[PDB]
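As provided, work.cif (mmCIF, C-alpha atoms and all ligand atoms) reads as follows.
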data_work
#
loop_
_atom_site.group_PDB
_atom_site.id
_atom_site.type_symbol
_atom_site.label_atom_id
_atom_site.label_comp_id
_atom_site.auth_asym_id
_atom_site.auth_seq_id
_atom_site.Cartn_x
_atom_site.Cartn_y
_atom_site.Cartn_z
ATOM 1 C CA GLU A 5 0.891 78.455 19.272
ATOM 2 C CA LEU A 6 4.001 79.261 21.327
ATOM 3 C CA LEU A 7 6.285 81.783 19.642
ATOM 4 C CA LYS A 8 9.659 83.020 20.836
ATOM 5 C CA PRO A 9 9.317 86.119 23.041
ATOM 6 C CA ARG A 10 11.201 88.912 21.320
ATOM 7 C CA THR A 11 11.531 91.078 24.448
ATOM 8 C CA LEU A 12 10.535 91.019 28.101
ATOM 9 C CA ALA A 13 7.390 92.961 27.217
ATOM 10 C CA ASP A 14 6.580 90.343 24.580
ATOM 11 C CA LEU A 15 7.192 87.567 27.100
ATOM 12 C CA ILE A 16 4.772 89.229 29.523
ATOM 13 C CA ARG A 17 2.106 89.453 26.820
ATOM 14 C CA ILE A 18 2.619 85.767 26.025
ATOM 15 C CA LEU A 19 2.359 84.858 29.711
ATOM 16 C CA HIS A 20 -0.962 86.666 29.959
ATOM 17 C CA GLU A 21 -2.142 84.393 27.140
ATOM 18 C CA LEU A 22 -0.797 81.228 28.797
ATOM 19 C CA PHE A 23 -2.503 82.097 32.102
ATOM 20 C CA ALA A 24 -5.812 83.271 30.599
ATOM 21 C CA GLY A 25 -7.481 80.073 31.806
ATOM 22 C CA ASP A 26 -7.729 78.191 35.083
ATOM 23 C CA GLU A 27 -4.919 75.675 34.628
ATOM 24 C CA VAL A 28 -1.219 75.906 33.785
ATOM 25 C CA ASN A 29 0.665 74.074 31.048
ATOM 26 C CA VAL A 30 3.936 73.890 32.926
ATOM 27 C CA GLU A 31 5.995 72.671 30.002
ATOM 28 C CA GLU A 32 4.802 75.445 27.698
ATOM 29 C CA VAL A 33 5.395 78.144 30.335
ATOM 30 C CA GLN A 34 8.858 76.775 30.974
ATOM 31 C CA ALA A 35 9.628 76.621 27.252
ATOM 32 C CA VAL A 36 8.619 80.239 26.622
ATOM 33 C CA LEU A 37 10.566 81.470 29.658
ATOM 34 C CA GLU A 38 13.620 79.555 28.467
ATOM 35 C CA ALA A 39 13.206 80.936 24.925
ATOM 36 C CA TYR A 40 13.296 84.591 26.047
ATOM 37 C CA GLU A 41 16.921 85.629 25.608
ATOM 38 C CA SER A 42 17.764 87.847 28.536
ATOM 39 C CA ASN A 43 18.367 91.434 27.448
ATOM 40 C CA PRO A 44 19.699 93.441 30.393
ATOM 41 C CA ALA A 45 18.459 96.788 29.072
ATOM 42 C CA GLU A 46 14.884 95.481 29.177
ATOM 43 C CA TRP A 47 14.995 94.629 32.877
ATOM 44 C CA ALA A 48 17.510 97.140 34.303
ATOM 45 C CA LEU A 49 14.599 99.092 35.823
ATOM 46 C CA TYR A 50 13.749 96.142 38.070
ATOM 47 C CA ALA A 51 17.285 95.090 38.975
ATOM 48 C CA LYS A 52 17.503 96.919 42.276
ATOM 49 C CA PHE A 53 20.039 95.313 44.588
ATOM 50 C CA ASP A 54 20.521 95.515 48.340
ATOM 51 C CA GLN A 55 23.955 95.150 49.846
ATOM 52 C CA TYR A 56 22.967 92.662 52.534
ATOM 53 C CA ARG A 57 20.448 90.258 51.025
ATOM 54 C CA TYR A 58 18.611 89.393 47.874
ATOM 55 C CA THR A 59 15.719 91.580 46.760
ATOM 56 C CA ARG A 60 12.363 90.789 45.180
ATOM 57 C CA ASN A 61 11.207 93.265 42.524
ATOM 58 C CA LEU A 62 7.675 92.922 41.193
ATOM 59 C CA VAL A 63 7.417 93.225 37.416
ATOM 60 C CA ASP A 64 3.847 92.198 36.606
ATOM 61 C CA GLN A 65 0.853 91.022 38.580
ATOM 62 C CA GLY A 66 -0.523 88.855 35.802
ATOM 63 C CA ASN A 67 -4.047 90.273 36.183
ATOM 64 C CA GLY A 68 -4.160 88.225 39.398
ATOM 65 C CA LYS A 69 -3.084 84.851 37.915
ATOM 66 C CA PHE A 70 0.612 85.107 38.641
ATOM 67 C CA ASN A 71 3.310 87.238 40.199
ATOM 68 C CA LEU A 72 6.257 87.874 37.850
ATOM 69 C CA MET A 73 9.214 89.267 39.759
ATOM 70 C CA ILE A 74 12.945 89.784 39.411
ATOM 71 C CA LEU A 75 15.232 88.661 42.225
ATOM 72 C CA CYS A 76 18.633 90.297 42.576
ATOM 73 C CA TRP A 77 21.272 88.289 44.403
ATOM 74 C CA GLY A 78 24.480 89.961 45.497
ATOM 75 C CA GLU A 79 27.587 87.884 45.803
ATOM 76 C CA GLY A 80 26.987 85.189 48.401
ATOM 77 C CA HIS A 81 23.316 85.996 48.860
ATOM 78 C CA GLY A 82 20.943 83.104 49.198
ATOM 79 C CA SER A 83 17.502 82.060 50.306
ATOM 80 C CA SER A 84 16.096 79.955 53.073
ATOM 81 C CA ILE A 85 15.051 76.401 52.453
ATOM 82 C CA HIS A 86 11.475 77.068 51.488
ATOM 83 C CA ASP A 87 8.231 75.848 49.998
ATOM 84 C CA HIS A 88 6.017 77.545 47.450
ATOM 85 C CA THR A 89 2.605 77.669 49.079
ATOM 86 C CA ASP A 90 0.821 75.311 46.702
ATOM 87 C CA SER A 91 1.900 77.348 43.686
ATOM 88 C CA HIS A 92 3.831 76.685 40.531
ATOM 89 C CA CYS A 93 7.195 78.368 40.607
ATOM 90 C CA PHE A 94 9.374 79.005 37.584
ATOM 91 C CA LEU A 95 12.846 80.463 37.945
ATOM 92 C CA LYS A 96 14.745 81.728 34.907
ATOM 93 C CA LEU A 97 18.251 83.049 35.131
ATOM 94 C CA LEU A 98 18.721 86.491 33.563
ATOM 95 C CA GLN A 99 22.309 87.082 34.694
ATOM 96 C CA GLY A 100 24.889 84.947 36.460
ATOM 97 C CA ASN A 101 24.407 81.533 38.037
ATOM 98 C CA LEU A 102 22.486 80.185 41.016
ATOM 99 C CA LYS A 103 22.892 76.944 42.956
ATOM 100 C CA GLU A 104 19.589 75.177 43.602
ATOM 101 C CA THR A 105 19.601 72.584 46.389
ATOM 102 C CA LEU A 106 16.593 70.280 46.662
ATOM 103 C CA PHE A 107 15.251 68.853 49.899
ATOM 104 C CA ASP A 108 12.454 66.494 50.763
ATOM 105 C CA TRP A 109 9.615 67.564 52.989
ATOM 106 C CA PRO A 110 10.663 66.822 56.587
ATOM 107 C CA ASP A 111 9.063 64.172 58.720
ATOM 108 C CA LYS A 112 7.428 64.971 62.057
ATOM 109 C CA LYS A 113 10.562 63.858 63.906
ATOM 110 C CA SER A 114 13.152 66.585 64.388
ATOM 111 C CA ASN A 115 16.088 65.628 62.173
ATOM 112 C CA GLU A 116 18.713 67.225 59.992
ATOM 113 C CA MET A 117 17.399 67.993 56.526
ATOM 114 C CA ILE A 118 19.772 66.270 54.092
ATOM 115 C CA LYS A 119 19.852 67.572 50.530
ATOM 116 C CA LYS A 120 18.562 65.205 47.867
ATOM 117 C CA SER A 121 20.401 66.855 44.980
ATOM 118 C CA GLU A 122 21.915 70.101 43.788
ATOM 119 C CA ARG A 123 22.359 71.760 40.449
ATOM 120 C CA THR A 124 23.803 74.889 38.937
ATOM 121 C CA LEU A 125 21.279 77.044 37.080
ATOM 122 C CA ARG A 126 23.016 78.938 34.302
ATOM 123 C CA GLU A 127 22.180 82.067 32.307
ATOM 124 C CA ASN A 128 18.867 81.818 30.416
ATOM 125 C CA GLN A 129 17.901 78.434 31.894
ATOM 126 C CA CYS A 130 14.389 78.094 33.351
ATOM 127 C CA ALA A 131 13.821 75.717 36.249
ATOM 128 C CA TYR A 132 10.577 74.677 37.853
ATOM 129 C CA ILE A 133 9.549 73.696 41.339
ATOM 130 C CA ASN A 134 6.359 72.932 43.210
ATOM 131 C CA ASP A 135 5.609 71.468 46.619
ATOM 132 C CA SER A 136 5.059 68.019 45.115
ATOM 133 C CA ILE A 137 8.669 68.008 43.901
ATOM 134 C CA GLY A 138 10.047 69.192 47.218
ATOM 135 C CA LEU A 139 11.616 72.172 48.903
ATOM 136 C CA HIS A 140 14.616 74.123 47.741
ATOM 137 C CA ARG A 141 17.261 76.666 48.614
ATOM 138 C CA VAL A 142 18.591 79.035 45.955
ATOM 139 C CA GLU A 143 21.986 80.682 46.387
ATOM 140 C CA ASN A 144 24.368 82.899 44.490
ATOM 141 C CA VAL A 145 27.613 81.236 45.530
ATOM 142 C CA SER A 146 29.690 83.542 43.346
ATOM 143 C CA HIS A 147 32.277 85.777 45.014
ATOM 144 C CA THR A 148 32.431 88.126 42.023
ATOM 145 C CA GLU A 149 29.202 88.064 39.984
ATOM 146 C CA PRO A 150 25.759 89.273 41.049
ATOM 147 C CA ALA A 151 22.918 87.124 39.775
ATOM 148 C CA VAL A 152 19.494 88.158 38.543
ATOM 149 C CA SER A 153 16.576 85.780 38.122
ATOM 150 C CA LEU A 154 13.068 86.050 36.775
ATOM 151 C CA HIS A 155 10.461 84.241 38.860
ATOM 152 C CA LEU A 156 6.874 83.409 38.035
ATOM 153 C CA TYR A 157 4.510 82.121 40.710
ATOM 154 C CA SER A 158 0.987 80.974 40.032
ATOM 155 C CA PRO A 159 -1.256 81.539 41.867
ATOM 156 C CA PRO A 160 0.482 84.503 43.476
ATOM 157 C CA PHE A 161 1.440 84.031 47.105
ATOM 158 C CA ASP A 162 2.622 86.465 49.749
ATOM 159 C CA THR A 163 3.784 83.971 52.383
ATOM 160 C CA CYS A 164 5.803 80.791 52.510
ATOM 161 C CA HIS A 165 7.660 78.676 55.038
ATOM 162 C CA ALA A 166 11.329 78.717 55.863
ATOM 163 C CA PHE A 167 12.729 75.416 57.148
ATOM 164 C CA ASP A 168 15.465 75.013 59.730
ATOM 165 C CA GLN A 169 18.011 72.703 58.121
ATOM 166 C CA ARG A 170 19.041 71.382 61.543
ATOM 167 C CA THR A 171 15.550 70.136 62.522
ATOM 168 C CA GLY A 172 13.045 70.460 59.670
ATOM 169 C CA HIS A 173 10.948 72.850 61.723
ATOM 170 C CA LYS A 174 9.168 75.486 59.691
ATOM 171 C CA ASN A 175 8.194 79.097 60.268
ATOM 172 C CA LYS A 176 5.869 81.234 58.190
ATOM 173 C CA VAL A 177 7.533 84.168 56.446
ATOM 174 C CA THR A 178 5.854 87.046 54.629
ATOM 175 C CA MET A 179 7.337 88.016 51.286
ATOM 176 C CA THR A 180 8.112 91.696 50.902
ATOM 177 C CA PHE A 181 8.682 93.497 47.606
ATOM 178 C CA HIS A 182 11.748 95.742 47.422
ATOM 179 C CA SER A 183 10.149 97.485 44.442
ATOM 180 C CA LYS A 184 7.027 97.232 42.326
ATOM 181 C CA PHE A 185 6.900 98.237 38.662
ATOM 182 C CA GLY A 186 10.314 99.891 38.972
ATOM 183 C CA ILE A 187 9.375 101.994 42.026
ATOM 184 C CA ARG A 188 11.134 101.377 45.335
ATOM 185 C CA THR A 189 8.554 100.349 47.945
ATOM 186 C CA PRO A 190 10.000 100.807 51.473
HETATM 187 FE FE FE B 201 11.864 79.074 45.684
#

As structure tokens, how would this structure be written, given the file I've shared?
Amino acid sequence: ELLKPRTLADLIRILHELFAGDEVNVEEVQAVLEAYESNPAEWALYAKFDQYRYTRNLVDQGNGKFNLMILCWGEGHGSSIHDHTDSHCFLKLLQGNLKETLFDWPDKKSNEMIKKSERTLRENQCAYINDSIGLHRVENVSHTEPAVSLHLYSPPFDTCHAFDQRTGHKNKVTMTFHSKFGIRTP
């Protein structure tokens, strides 16, 4: 019985219920993430920005079933084109807007990766991606507004691939956490 999360802490408790088992009801997880109304005071602790690139701030480790993290995107900050390491990946906007560009998996032949579509993710929306859907890039294209997003990955993963848009070639990257549980982790 999915109820509206009243707070971030309530959302986290609900997520622990939704991930108690071995499978993932994607539509229910997405619905509960979308139903949480972002309250900046509840997540200010995790919203630690860096001047030069986006930061990943771990919020909850989901008792091993998922990583819940907050990403903080300065103006003009964006990601690589990347995969999600055979995990579910939910992305909910907490503040601002992000541009999501979707790409197909490259072929063996070296070729330019041409976007398949793009969309603007707005405040409180929750999007979803997995490797079966494709690859994506996420970018804060704003010149004036930092963006903050809440990401849930299940199972948790510490590495993924970045893809060269000019060729489709991929390189393994290790995810680093800027902070964990509100504590800066150099
Ligand atoms: Fe992603």

Query raised in the report: Which residues, written as a list in words, have at least one atom at most 7 Å from residue 169 (chain A), with only C-alpha atoms counted and residues fewer than 3 positions away on the same chain left out?
Result: residues 116, 117 and 172 of chain A

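Reported to one decimal place, the separation of CA of residue 88 (chain A) from CA of residue 103 (chain A) is 17.5 Å.
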
Requested in this report: Let me know the residues the PyMOL selection byres (((not hetatm)) within 9 of (chain B and resi 201)) catches in the file above, as a VMD selection string.
Outcome: chain A and resid 83 to 88 93 to 95 104 133 to 134 139 to 142 155

Counting only C-alpha atoms, I want the residues whose atoms come within 9 Å of (2.4, 78.3, 26.2) in the file frame, returned as a tab-separated table (two decimals) with C-alpha atoms, keeping the file's coordinate frame.
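Writing the result to out38.tsv gives the following:
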chain	number	residue	atom	x	y	z
A	5	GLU	CA	0.89	78.46	19.27
A	6	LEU	CA	4.00	79.26	21.33
A	7	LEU	CA	6.28	81.78	19.64
A	18	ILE	CA	2.62	85.77	26.02
A	19	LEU	CA	2.36	84.86	29.71
A	21	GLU	CA	-2.14	84.39	27.14
A	22	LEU	CA	-0.80	81.23	28.80
A	23	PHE	CA	-2.50	82.10	32.10
A	28	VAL	CA	-1.22	75.91	33.78
A	29	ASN	CA	0.66	74.07	31.05
A	30	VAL	CA	3.94	73.89	32.93
A	31	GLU	CA	6.00	72.67	30.00
A	32	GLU	CA	4.80	75.44	27.70
A	33	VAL	CA	5.40	78.14	30.34
A	34	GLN	CA	8.86	76.78	30.97
A	35	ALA	CA	9.63	76.62	27.25
A	36	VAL	CA	8.62	80.24	26.62

Excluding same-chain residues fewer than 2 positions from residue 78 (chain A), what lies within 10 Å of it counting only C-alpha atoms, as a PDB file with C-alpha atoms, keeping the file's coordinate frame?
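The result, stored in result.pdb:
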ATOM      1  CA  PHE A  53      20.039  95.313  44.588  1.00  0.00           C
ATOM      2  CA  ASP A  54      20.521  95.515  48.340  1.00  0.00           C
ATOM      3  CA  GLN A  55      23.955  95.150  49.846  1.00  0.00           C
ATOM      4  CA  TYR A  56      22.967  92.662  52.534  1.00  0.00           C
ATOM      5  CA  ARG A  57      20.448  90.258  51.025  1.00  0.00           C
ATOM      6  CA  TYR A  58      18.611  89.393  47.874  1.00  0.00           C
ATOM      7  CA  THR A  59      15.719  91.580  46.760  1.00  0.00           C
ATOM      8  CA  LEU A  75      15.232  88.661  42.225  1.00  0.00           C
ATOM      9  CA  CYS A  76      18.633  90.297  42.576  1.00  0.00           C
ATOM     10  CA  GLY A  80      26.987  85.189  48.401  1.00  0.00           C
ATOM     11  CA  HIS A  81      23.316  85.996  48.860  1.00  0.00           C
ATOM     12  CA  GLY A  82      20.943  83.104  49.198  1.00  0.00           C
ATOM     13  CA  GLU A 143      21.986  80.682  46.387  1.00  0.00           C
ATOM     14  CA  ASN A 144      24.368  82.899  44.490  1.00  0.00           C
ATOM     15  CA  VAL A 145      27.613  81.236  45.530  1.00  0.00           C
ATOM     16  CA  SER A 146      29.690  83.542  43.346  1.00  0.00           C
ATOM     17  CA  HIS A 147      32.277  85.777  45.014  1.00  0.00           C
ATOM     18  CA  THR A 148      32.431  88.126  42.023  1.00  0.00           C
ATOM     19  CA  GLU A 149      29.202  88.064  39.984  1.00  0.00           C
ATOM     20  CA  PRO A 150      25.759  89.273  41.049  1.00  0.00           C
ATOM     21  CA  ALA A 151      22.918  87.124  39.775  1.00  0.00           C
ATOM     22  CA  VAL A 152      19.494  88.158  38.543  1.00  0.00           C
TER      23      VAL A 152
END

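The residue set within 6 Å of residue 97 (chain A), counting only C-alpha atoms and dropping same-chain residues fewer than 2 places from it, reads residues 99, 127, 128, 129 and 153 of chain A.
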
Report task. Could you tell me how far CA of residue 178 (chain A) lies from CA of residue 164 (chain A), in Å and to one decimal? Result ->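 Going from CA of residue 178 (chain A) over to CA of residue 164 (chain A), I get 6.6 Å.
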
Query - Pairwise distance for CA of residue 89 (chain A) and CA of residue 158 (chain A), rounded to one decimal in Å - result: 9.8 Å

May I have the centre and edge lengths, in Å to one decimal, of an axis-aligned box around the listed atoms of region 53-63 of chain A with 3 Å added to every side, as lines of an AutoDock Vina configuration file?
center_x = 15.7
center_y = 92.5
center_z = 45.0
size_x = 22.5
size_y = 12.1
size_z = 21.1

Some atoms are missing, so please complete region 8-21 of chain A with N, CA, C and O atoms and return it as an mmCIF file, in the frame of the given file.
data_model
loop_
_atom_site.group_PDB
_atom_site.id
_atom_site.type_symbol
_atom_site.label_atom_id
_atom_site.label_comp_id
_atom_site.auth_asym_id
_atom_site.auth_seq_id
_atom_site.Cartn_x
_atom_site.Cartn_y
_atom_site.Cartn_z
ATOM 1 N N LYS A 8 8.547 82.557 20.022
ATOM 2 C CA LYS A 8 9.659 83.020 20.836
ATOM 3 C C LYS A 8 9.379 84.442 21.306
ATOM 4 O O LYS A 8 9.056 85.304 20.475
ATOM 5 N N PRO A 9 9.474 84.730 22.601
ATOM 6 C CA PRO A 9 9.317 86.119 23.041
ATOM 7 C C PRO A 9 10.481 86.946 22.537
ATOM 8 O O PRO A 9 11.643 86.569 22.711
ATOM 9 N N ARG A 10 10.169 88.073 21.918
ATOM 10 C CA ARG A 10 11.201 88.912 21.320
ATOM 11 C C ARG A 10 11.847 89.834 22.334
ATOM 12 O O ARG A 10 12.964 90.306 22.098
ATOM 13 N N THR A 11 11.147 90.121 23.421
ATOM 14 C CA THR A 11 11.531 91.078 24.448
ATOM 15 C C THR A 11 10.829 90.652 25.724
ATOM 16 O O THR A 11 9.923 89.816 25.701
ATOM 17 N N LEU A 12 11.224 91.274 26.839
ATOM 18 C CA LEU A 12 10.535 91.019 28.101
ATOM 19 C C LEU A 12 9.062 91.413 27.998
ATOM 20 O O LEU A 12 8.178 90.696 28.487
ATOM 21 N N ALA A 13 8.777 92.551 27.372
ATOM 22 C CA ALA A 13 7.390 92.961 27.217
ATOM 23 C C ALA A 13 6.605 91.934 26.413
ATOM 24 O O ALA A 13 5.446 91.632 26.728
ATOM 25 N N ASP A 14 7.224 91.373 25.377
ATOM 26 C CA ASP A 14 6.580 90.343 24.580
ATOM 27 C C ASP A 14 6.374 89.074 25.399
ATOM 28 O O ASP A 14 5.312 88.458 25.348
ATOM 29 N N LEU A 15 7.367 88.694 26.202
ATOM 30 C CA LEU A 15 7.192 87.567 27.100
ATOM 31 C C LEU A 15 5.997 87.777 28.016
ATOM 32 O O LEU A 15 5.198 86.863 28.228
ATOM 33 N N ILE A 16 5.880 88.967 28.603
ATOM 34 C CA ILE A 16 4.772 89.229 29.523
ATOM 35 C C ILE A 16 3.436 89.072 28.805
ATOM 36 O O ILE A 16 2.497 88.453 29.326
ATOM 37 N N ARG A 17 3.334 89.608 27.591
ATOM 38 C CA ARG A 17 2.106 89.453 26.820
ATOM 39 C C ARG A 17 1.796 87.982 26.580
ATOM 40 O O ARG A 17 0.656 87.543 26.743
ATOM 41 N N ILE A 18 2.813 87.192 26.244
ATOM 42 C CA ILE A 18 2.619 85.767 26.025
ATOM 43 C C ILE A 18 2.174 85.079 27.314
ATOM 44 O O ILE A 18 1.313 84.192 27.298
ATOM 45 N N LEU A 19 2.766 85.460 28.444
ATOM 46 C CA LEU A 19 2.359 84.858 29.711
ATOM 47 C C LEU A 19 0.908 85.167 30.031
ATOM 48 O O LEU A 19 0.180 84.307 30.527
ATOM 49 N N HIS A 20 0.448 86.382 29.741
ATOM 50 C CA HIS A 20 -0.962 86.666 29.959
ATOM 51 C C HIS A 20 -1.843 85.756 29.120
ATOM 52 O O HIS A 20 -2.947 85.411 29.547
ATOM 53 N N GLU A 21 -1.385 85.366 27.929
ATOM 54 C CA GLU A 21 -2.142 84.393 27.140
ATOM 55 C C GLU A 21 -2.098 83.004 27.780
ATOM 56 O O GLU A 21 -3.126 82.324 27.860
#
